[PDB]
Amino acid sequence: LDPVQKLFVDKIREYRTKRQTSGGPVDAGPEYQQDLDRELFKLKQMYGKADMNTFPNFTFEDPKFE
Amino acid sequence: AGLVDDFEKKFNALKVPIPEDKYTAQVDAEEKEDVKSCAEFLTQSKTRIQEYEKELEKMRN
């Protein structure tokens, strides 16, 4: 993604060492998981709430006439 | 994922009624009251109108 090869050897392989594992991507990291669960629900609260894996179909209405 | 796709077809597929009537006696609550408006009061009103016109003839003598 970026450069220097001895330092980046330490890091760029460590980009993908994380990705070079995917059940806990050499660490998902319990803290990451915990705060993730916090923000993911809290995000949900900060969102609109009508389930995000469901289609909001239509509604119908009838306007004032005298 | 597949949410957007599911939604895609389903949204592109999802359809809508069009909002009800209430009060459309007007089309009718017209024409009958319209017969009162026009014809019934009209004709009577012309019948009035004529007598004065005939009598303004008379008053022209």
# chains A, B, ... in the order shown; residues from 1 in each chain; ligands from 1

$ interface_residues --of "chain A" --to "chain B" --cutoff "12 Å" --atoms "only C-alpha atoms" --output "compact mmCIF listing (two decimals) with N, CA and C atoms, in the first residue's frame"
# COMPACT_ATOMS: atom_id res chain seq x y z
N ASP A 51 -35.83 -2.45 10.47
CA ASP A 51 -34.72 -3.35 10.15
C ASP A 51 -34.11 -3.23 8.77
N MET A 52 -32.80 -3.12 8.88
CA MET A 52 -32.01 -2.89 7.76
C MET A 52 -31.77 -3.99 6.78
N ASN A 53 -32.24 -5.19 7.04
CA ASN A 53 -32.30 -6.34 6.16
C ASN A 53 -33.76 -6.69 5.84
N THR A 54 -34.65 -5.69 5.86
CA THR A 54 -36.02 -5.82 5.39
C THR A 54 -36.44 -4.72 4.46
N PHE A 55 -37.28 -5.08 3.51
CA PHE A 55 -37.83 -4.12 2.58
C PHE A 55 -39.04 -3.38 3.22
N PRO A 56 -39.01 -2.05 3.42
CA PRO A 56 -40.15 -1.19 3.69
C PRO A 56 -40.92 -0.95 2.40
N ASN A 57 -41.89 -1.82 2.23
CA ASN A 57 -42.95 -1.62 1.30
C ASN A 57 -43.82 -0.38 1.60
N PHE A 58 -45.00 -0.39 0.99
CA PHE A 58 -45.81 0.79 0.84
C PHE A 58 -46.77 1.01 1.98
N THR A 59 -47.39 2.20 1.95
CA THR A 59 -48.57 2.49 2.75
C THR A 59 -49.61 3.25 1.94
N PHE A 60 -50.83 3.28 2.46
CA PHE A 60 -51.95 3.95 1.85
C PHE A 60 -52.69 4.89 2.79
N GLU A 61 -53.49 5.78 2.19
CA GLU A 61 -53.93 7.03 2.78
C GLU A 61 -55.19 7.53 2.11
N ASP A 62 -55.87 8.42 2.82
CA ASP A 62 -57.14 8.95 2.37
C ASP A 62 -57.38 10.39 2.89
N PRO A 63 -57.37 11.41 2.01
CA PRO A 63 -57.21 12.82 2.38
C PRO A 63 -58.53 13.55 2.63
N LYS A 64 -58.49 14.69 3.31
CA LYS A 64 -59.67 15.34 3.90
C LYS A 64 -60.59 15.86 2.79
N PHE A 65 -61.83 15.37 2.68
CA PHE A 65 -62.84 15.91 1.75
C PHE A 65 -64.25 15.93 2.39
N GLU A 66 -65.06 16.95 2.06
CA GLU A 66 -65.93 17.69 3.02
C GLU A 66 -67.39 17.20 3.03

$ select_by_dssp --residues "chain A" --states "alpha helix (DSSP H)" --output "MDAnalysis selection string"
chainID A and resid 5:19 30:46

$ residues_around --residues "residue A:2" --least-positions-apart "4" --cutoff "10 Å" --atoms "only C-alpha atoms" --output "ChimeraX atom specification"
/A:8,11-12

$ write_last_selection --atoms "C-alpha atoms" --output "CSV table (one decimal), in the first residue's frame"
chain,number,residue,atom,x,y,z
A,8,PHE,CA,7.3,-2.1,5.7
A,11,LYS,CA,4.3,-3.6,8.6
A,12,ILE,CA,3.1,-4.5,5.0
